[PDB]
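Heads up, the chain below is alone and in the form deposited in one PDB entry; it's given as structure tokens.
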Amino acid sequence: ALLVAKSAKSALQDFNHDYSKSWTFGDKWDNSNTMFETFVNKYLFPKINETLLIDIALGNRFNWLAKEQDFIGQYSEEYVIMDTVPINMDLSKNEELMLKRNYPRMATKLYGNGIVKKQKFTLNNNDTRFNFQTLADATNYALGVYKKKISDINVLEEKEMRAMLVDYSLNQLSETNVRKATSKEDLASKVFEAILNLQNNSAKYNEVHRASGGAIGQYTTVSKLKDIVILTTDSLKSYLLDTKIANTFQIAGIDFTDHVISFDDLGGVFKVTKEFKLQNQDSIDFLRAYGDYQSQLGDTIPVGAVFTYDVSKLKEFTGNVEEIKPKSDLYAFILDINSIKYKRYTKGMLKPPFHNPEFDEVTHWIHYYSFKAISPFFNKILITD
């Protein structure tokens, strides 16, 4: 038959079997009915010119929030003193009222630990040399794998931060924070209106009813406009740049678009609703297409799990994943930072390699501890449909 369809002469047969051919005599290369067909010479091997490695370094958009910890201990807490409005003086009460106790009450929301993340990659020495015509291309490959792992860390971390902010905006804050808009010319006067609602003494805009000792009672606070950030889509920031700023004369007071973090798409992540177990093998191949080398069949996925990639189309995960996202693209979450608790420990990050000299492939690991939480003690307004 044809030469290129004969797998018996391939290089894989000399590296999966333990005994192979010591010598070779050549072969009978002819490209008369292949895709490698030249008009003049039918008896030459196809020559390739270039191999360009497209490599892009990717950012984070949240590197300024990253404070570096020591990774010791596991709990940390935050508490406030609740409001105590002054009451009118009564003079008909009993005279023993001064001996009665009146303690101040706390709020005390308690935070757990972060989770240690991990990724690895294998660099081979005897199979990788069969591609990569020069050694400089092989060293560029070995560097590009590492620089892709670091960009994977950054993209994963940014997407998890965005997921945390959208997941806090939904289903966690109150009814007096959600303000309804109806269009794209709306949610631009209500965002300008809701800025300098955070700058009034008001107990409506925090979430101390989700704190421990603050189920009944109020807590007043204020913001400063050097702490107010807005989280929208590119649709709203595009609207603000081409209509609200471009069609006003006195723009010299009210341009707030240096506080607007805009994202490309506000959903790519998933939360487990019901705990389950893995049974399908294409589910395993699809999970480890994205680098999940750990998981085999029969493993447990808990309830608070985040997947970061599009995984709702599996036979196991249907009815379990969530796709936390805004529903209809009209979305503006006006934070007040000092709320985003965000800590990361990356000093024992590059682990020493493992050499494995019988297969002769070096294996690297990257570990980093990251804590992502959010404080309920600051003014927050969410504007949606």
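Heads up: residue numbers just count along the shown sequence, starting at 1. Each form is matched to the other, and the largest set of C-alpha atoms that superpose within 1.5 Å is called the rigid core.
The following text describes the form deposited in another entry, which does not appear among the structures shown.
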Upon rigid core superposition, which of the listed residues (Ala136, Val116, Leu297, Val303) is displaced by 2 angstroms or more at its Cα between the shown form and the other one?
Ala136
Post core alignment: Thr346 C-alpha displaced by 2 Å or more between the shown form and the other one
no
For a quick test of reading the superposition: does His355 move by 2 Å or more at the CA between the shown form and the other one, rigid core aligned?
no
2 Å or more on the CA of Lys315 between the shown form and the other one, with the rigid core superposed, yes or no?
no
